[PDB]
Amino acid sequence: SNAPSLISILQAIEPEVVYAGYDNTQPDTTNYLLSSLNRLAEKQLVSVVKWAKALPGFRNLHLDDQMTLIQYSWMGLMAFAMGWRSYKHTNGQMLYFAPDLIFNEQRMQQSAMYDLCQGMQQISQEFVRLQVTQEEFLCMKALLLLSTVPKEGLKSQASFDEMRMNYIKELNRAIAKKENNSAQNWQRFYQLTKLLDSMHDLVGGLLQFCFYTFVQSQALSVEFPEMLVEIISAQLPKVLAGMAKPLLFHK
């Protein structure tokens, strides 16, 4: 309580932005865009793992819970942070994958996943509409890691549930700082948690494309780096068996 707030810790451990290493002089083509996003995903994946290990409460989970949460959440976390970066850097008009890999209309079209790009942009436009604050975002991003679990339950169910309640309490703390009335805070919590819930449907779409391009990678000439291959190969069978379920705030 005089302890450093959870928010101050989340601010301290928030990763720095990852560069794609993209050559912007190349023409916009499907396999160079998709292979480059996968190379970016590989670098963001090490960032995410490092961030997750520092997240207060996370290391108290069983190691199999930790790995499972990561497998189930990586796409959503990266998609959610992209919504944030697109909001802060382009007011939701473009997809800010990295400072050196920004998608405009032409690149979204050449990516072969135009509709999904639009999905991702709609998330960014909801950040813009709510004017999400940095403190809200960081709490929401933690909660997103804790929002897809095994149907069978986790090995550390009590520790997980306590951790989830602590991050929800911190999101409400971040909201109440603006010093609005209580009813306004309720509304804000509702809007932010709707935004979180809306990630699940987007992610399902993103997963469908990713899994397809993964299975067809040779024929499409779309490169998947080693760690991405590992996490997709692990996740794909569990999703197929329907082992994961979303934890929704709203029915």
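Start at 1 and count along the sequence shown; that's the residue number.
> When the C-alpha temperature factors are averaged for each of 147-155 and 92-100, which stretch ends up with the higher value in the entry?
Comparing 147-155 with 92-100, the higher average CA B-factor belongs to 147-155.
> Tell me which stretch has the larger mean Cα B-factor in this entry, 57-65 or 207-215.
Of 207-215 and 57-65, the stretch with the higher C-alpha B-factor average is 57-65.
> Can you tell me which of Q191, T29, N185, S36 has the highest Cα temperature factor in the record?
By C-alpha B-factor in the record, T29 ranks first.
> Have a look at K141, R107, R85, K178 and flag the one whose Cα has the highest B-factor in the entry.
In this record, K178 carries the highest C-alpha B-factor of the candidates.
> If you rank the chain by CA B-factor, which third does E162 end up in: lowest, middle or highest?
Highest third.
> C-alpha B factor of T25, ranked within the chain: lowest, middle or highest third?
It belongs to the highest third of the chain when residues are ordered by C-alpha B-factor.
> In terms of the chain's CA B-factor thirds, is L248 lowest, middle or highest?
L248: CA B-factor falls in the middle third of its chain.
> Splitting the chain's C-alpha B-factors into thirds, which one does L202 fall into?
Lowest third of the chain for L202's C-alpha B-factor.
> Please rank the C-alpha B-factors of the chain's modelled residues and tell me whether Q235 sits in the lowest, middle or highest third.
Middle third, going by the recorded CA B-factors of the chain.
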